[PDB]
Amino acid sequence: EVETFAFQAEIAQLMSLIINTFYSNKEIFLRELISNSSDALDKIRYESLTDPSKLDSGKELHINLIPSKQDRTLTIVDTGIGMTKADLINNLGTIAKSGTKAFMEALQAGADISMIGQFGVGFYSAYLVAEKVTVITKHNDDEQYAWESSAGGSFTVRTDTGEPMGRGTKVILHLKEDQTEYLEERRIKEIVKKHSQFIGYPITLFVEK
């Protein structure tokens, strides 16, 4: 069964801003999502040092970038700590309220959309390139969930019954029709080299079949 939730007002207005503001430098979404993956991997690696059983759901700590021209999706996969149901429905948004308000005020005070990560809400940069984002995620001691939103003020959460992932997060970017350059191997290599060269986990750019 599918539950539908309203975004907090401040997040809904930030998402509209990211969708409606004219900003050509859209490629920064990838740096932000890789940064989020890296942070998630840091967290589970740190926790595993006092409770090694936290890696029973998988010892590999990595990031995969998977384009699909058939599906017009770019997927960012990590084996990080994952997100709980409470994370997805309430707690990440509660944390994000402060930075979202500060980011919006900074934008009026001359700041640039590329600074979104400095306010801790970089996930929403996905809507620079995606008409819809699907997030599949699995945290130890919670179930595997699918979060999804095409903006418009609402998101859904459901228990996922696709291929179990062990632990981690998959961000599936359903790309806008004029943003398919982010399916090109060369374009992704260029972006990762430029913004993400010093990430401390293996980043594998998968190749289209």
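Residue positions are given as counts along the sequence shown, with the first one as 1.
- For the pair 168-176 and 62-70, the record assigns the higher mean C-alpha temperature factor to 62-70.
- As recorded in the PDB entry, 105-113 is the stretch of 105-113 and 82-90 with the greater mean C-alpha temperature factor.
- Set against one another, the Cα B-factors of 160, 47, 27, 39 in the record reach their highest point at 160.
- Highest CA B-factor among 96, 126, 135, 76, as stated in the entry: 96.
- Ranked by C-alpha B-factor against the other modelled residues of its chain, residue 9 falls in the highest third.
- For residue 192, the recorded CA temperature factor ranks within the middle third of the chain's modelled residues.
- When all modelled residues of the chain are sorted by CA temperature factor, residue 15 is found within the lowest third.
- Placement of the Cα temperature factor of residue 144 within the chain: middle third of the modelled residues, per the deposited record.
- Ranked by Cα temperature factor within the chain, residue 156 sits in the lowest third according to the deposited record.
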